[PDB]
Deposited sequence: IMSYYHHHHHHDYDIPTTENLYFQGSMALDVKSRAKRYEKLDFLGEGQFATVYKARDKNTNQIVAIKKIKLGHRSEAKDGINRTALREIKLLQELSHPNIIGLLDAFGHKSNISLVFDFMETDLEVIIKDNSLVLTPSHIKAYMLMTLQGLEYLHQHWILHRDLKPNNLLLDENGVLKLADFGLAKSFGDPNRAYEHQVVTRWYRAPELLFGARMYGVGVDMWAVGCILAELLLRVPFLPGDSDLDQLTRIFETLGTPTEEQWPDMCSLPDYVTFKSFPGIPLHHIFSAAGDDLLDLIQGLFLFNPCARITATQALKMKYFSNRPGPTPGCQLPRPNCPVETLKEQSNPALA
């Protein structure tokens, strides 16, 4: 809209290009108004899109990214976020970094406190994956992105990187469910935990059928008893029956406390899948070792 987006915002001054995403070009800028540093996502081109932008501005939580401003004229709109040093994806992929139990517990704690707030305010992230868990210089993790750019943007023609979103995608979504809830985010959270523990993607499927295959050969083929009404899913498909791999054989260093969390995040029935509040009350987070304070979490140099 002309009257709901500012056309100009002269207060931002570009510094350096950061990188190409699927739906945006991101770059580094200084707000001349506060001397602060920001990242601006530039999106090429709608009542709903503006409502989504406004809502995420109105959110306030330590582990949710700040969307600080929005501006743009005709074929473009630009979103101004808190500048974040790194993310869980570069942390995971960095061979120089050692991931202790305390490191992993901290990343999870912060993620789940973010989700809890979102889900408390009746909002689904819908796009959780490592590169959307951002990390500031002081070790604060923030949920970011929210697929805002996807929601209304033309695709980025210069995006050369691998599209990975299906790896974090819950089975009710792969089987075409039209109604869904917090289980969507909880499942991704489990896949992210798995990727912190294994340092590689847990279920890297290369198509939607191969993703379901991978899910079932790893976690087992579910029955309508574990998952009532599964076979009424729109795109439901019958697979080779698989027994699954015991979680303790996958996660060979995990204690019963962490395996309990992982099982809860990966329950097939999306009604039974553990919620963010329940996850945070699990013995895993009251148990030693306790989580690493932000200032001691490993930084990629």
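In sequence order, the deposited residues that have no C-alpha coordinates form the ranges 1 to 26, 72 to 81, 338 to 352.
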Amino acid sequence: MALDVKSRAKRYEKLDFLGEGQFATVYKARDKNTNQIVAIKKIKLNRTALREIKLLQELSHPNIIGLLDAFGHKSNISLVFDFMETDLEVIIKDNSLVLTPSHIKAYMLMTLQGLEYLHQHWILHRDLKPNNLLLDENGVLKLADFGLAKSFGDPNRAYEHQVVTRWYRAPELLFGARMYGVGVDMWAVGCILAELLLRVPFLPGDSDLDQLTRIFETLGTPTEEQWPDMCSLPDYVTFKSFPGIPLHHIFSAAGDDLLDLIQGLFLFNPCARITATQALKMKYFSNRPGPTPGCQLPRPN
From here on, numbers count along this sequence of modelled residues.
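In this crystal structure, the stretch out of 7 to 15 and 275 to 283 whose C-alpha atoms carry the higher mean B factor is 7 to 15.
According to the PDB record, 221 to 229 carries the higher mean C-alpha B-factor of the two stretches 172 to 180 and 221 to 229.
Looking only at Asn156, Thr213, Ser102, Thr111, the residue with the top Cα B factor in the deposited structure is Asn156. Per the PDB entry, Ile77 shows the highest C-alpha temperature factor of the residues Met84, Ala144, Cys191, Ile77. In the deposited entry, the Cα temperature factor of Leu115 places it in the lowest third of its chain's modelled residues. When all modelled residues of the chain are sorted by CA temperature factor, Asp185 is found within the lowest third. Per the PDB record, residue ranking by Cα B-factor puts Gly72 in the highest third of the chain.
Ranked by Cα temperature factor within the chain, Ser207 sits in the middle third according to the deposited record. In the deposited entry, the Cα temperature factor of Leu45 sits in the top third of values across the chain's modelled residues.
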